[PDB]
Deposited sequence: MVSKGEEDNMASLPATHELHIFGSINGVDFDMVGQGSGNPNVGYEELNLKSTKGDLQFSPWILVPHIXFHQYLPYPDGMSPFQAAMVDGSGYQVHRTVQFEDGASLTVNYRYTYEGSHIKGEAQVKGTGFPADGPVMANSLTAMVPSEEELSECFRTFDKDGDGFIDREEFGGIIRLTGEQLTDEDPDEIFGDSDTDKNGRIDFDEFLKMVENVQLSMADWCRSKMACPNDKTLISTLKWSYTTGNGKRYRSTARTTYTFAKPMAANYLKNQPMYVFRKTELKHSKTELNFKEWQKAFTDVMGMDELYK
């Protein structure tokens, strides 16, 4: 069967200090939704729990023409392994390895984390991260979309397609009070521009490679930029249709409520054939 519930044991080290978390979750494989609760087993996390997002279950992802390969591998039970490498702008690195076992519609996920080279005065060690937000290149494609006439500004009538007290919102947003929304006024005004895009490719019938560039927002209102490369290793060859319709794009949005000990997480996922 398709998944309905899941658990995660995520553990390892950030800057050589050990952490460990466990918890239960559920999700809806028809629409890509997941939710997860996690609790630390080794006291306070000494680093931003945001560093563990996006890392904290693609078995819940549907494709437009059926199951995703991740879903397919769970339904037949063969499964897959995941290796992810992450590079941050300040030279820090984080890796994650995943393994899964299945019991009907229940997923047991094990995620092993190694993070190094985070400056002690940087936004990870300082608990300064507040959200996961798309890359500036991605937020730009979003801007240029609403900018229907190609002038490089969002005007009052083109600000319609956003909303879809509207005269006030547009008023507030236009900081430089020059009668229209520029890209920086946009980049400040950020609701539903939070969809980070992954690009997916299949080098062979047993491998899928996913690439993602994004940014955390900090407490000082600055951007912490990161890039990721994720390698999916399938136990049995993927069905032919997956190899033919490559590349694939997956838009994802995430939500985290956290203390220093507990994480409550949500994720939404939408696959497309175009970018």
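In this chain, the deposited residues that lack C-alpha positions fall in the ranges 1-11, 68, 177-185, 212-216, 302-309.
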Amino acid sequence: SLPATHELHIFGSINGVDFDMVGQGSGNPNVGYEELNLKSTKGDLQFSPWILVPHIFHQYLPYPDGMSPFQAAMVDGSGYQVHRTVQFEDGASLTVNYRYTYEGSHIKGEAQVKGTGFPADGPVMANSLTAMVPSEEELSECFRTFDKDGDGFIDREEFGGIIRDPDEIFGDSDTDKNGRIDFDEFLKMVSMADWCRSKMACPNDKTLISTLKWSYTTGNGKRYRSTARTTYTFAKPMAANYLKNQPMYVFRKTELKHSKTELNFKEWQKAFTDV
From here on, numbers count along this sequence of modelled residues.
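Per-stretch averaging of Cα B factors for 241-249 and 204-212 places 241-249 on top. Stretch comparison (41-49 versus 226-234) by mean CA B-factor in the PDB entry places 41-49 on top. Of the candidates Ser26, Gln59, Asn30, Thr218, it is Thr218 whose Cα B-factor is highest according to the PDB record. Highest C-alpha temperature factor among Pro134, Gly161, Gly152, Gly79, as the PDB entry reports it: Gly161.
Annotation for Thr254: CA B-factor lies in the lowest third of the chain's modelled residues. Annotation for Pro64: C-alpha temperature factor in the highest third relative to the rest of the modelled chain, per the entry.
Placement of the Cα temperature factor of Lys177 within the chain: highest third of the modelled residues, per the deposited record.
Split the chain's modelled residues into thirds by C-alpha temperature factor. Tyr100 is in the lowest one.
The PDB entry assigns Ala4 a C-alpha temperature factor belonging to the lowest third of its chain's modelled residues.
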